[PDB]
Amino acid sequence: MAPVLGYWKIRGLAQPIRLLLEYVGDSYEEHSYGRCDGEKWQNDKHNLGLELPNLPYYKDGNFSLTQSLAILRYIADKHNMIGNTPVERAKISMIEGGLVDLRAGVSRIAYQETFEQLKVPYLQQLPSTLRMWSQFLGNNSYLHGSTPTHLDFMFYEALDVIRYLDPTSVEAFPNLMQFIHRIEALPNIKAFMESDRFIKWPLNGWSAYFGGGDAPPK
């Protein structure tokens, strides 16, 4: 029993978890719920031994978790990526909470039918948010320490999503673009990206008005 990751067959909250596992080279299986599997999830939700049922979930033996960040952190912790003193642990948790905000800012407008309207002040406020991340990353290859951690895969997925939303916003910060290309060049990430099990779309749940549907628009 390789561990199992359960989620919708979408990028969403689980994509940084899959990227991480692929990068560290850990075996896993996914239990994927497709667009028509709503009732199948409602059926399983309370039968999986989960203390706080939710998606995504992660199960390994008799151990189980929910909460995307707790699953990411469990895998990161096993690879020594969560820090080694109180000050370092807390800095990593601060960066995580920032990256969850960066990805959620998209999600919180993407499901509204007024998305095209909400996008306007969203795009007016985004340069200041991107500037803050650009300054924080500065000339570093990765967000914390000298090698990839779960924070880089959260950050990569948020930037790739935002870039899809408005490419000129992210292209305005050379270090953010270079960071996207850096993560995509990692040998295990490039292999995962080129493989049949990669999910390139949708970014959000299928019913979203941005980053939803079965296929990219056009």
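Residue numbers run from 1 along the displayed sequence.
As recorded in the PDB entry, 56 to 64 is the stretch of 155 to 163 and 56 to 64 with the greater mean C-alpha temperature factor.
Across the two stretches, 142 to 150 and 119 to 127, the PDB entry reports the greater mean Cα temperature factor for 119 to 127.
Comparing the listed residues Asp77, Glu88, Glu113, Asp101, the entry records the largest Cα B-factor for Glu113. Looking at the C-alpha B-factors along this chain, the one for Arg35 belongs to the highest third. Ranked within its chain, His181 lands in the middle third, by CA B factor from the PDB record. The entry lists a Cα temperature factor for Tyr23 that places it in the lowest third of the chain's modelled residues.
When the modelled residues of the chain are ordered by their C-alpha B factor, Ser207 lands in the highest third. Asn84: CA B factor lies in the highest third for its chain, per the PDB record.
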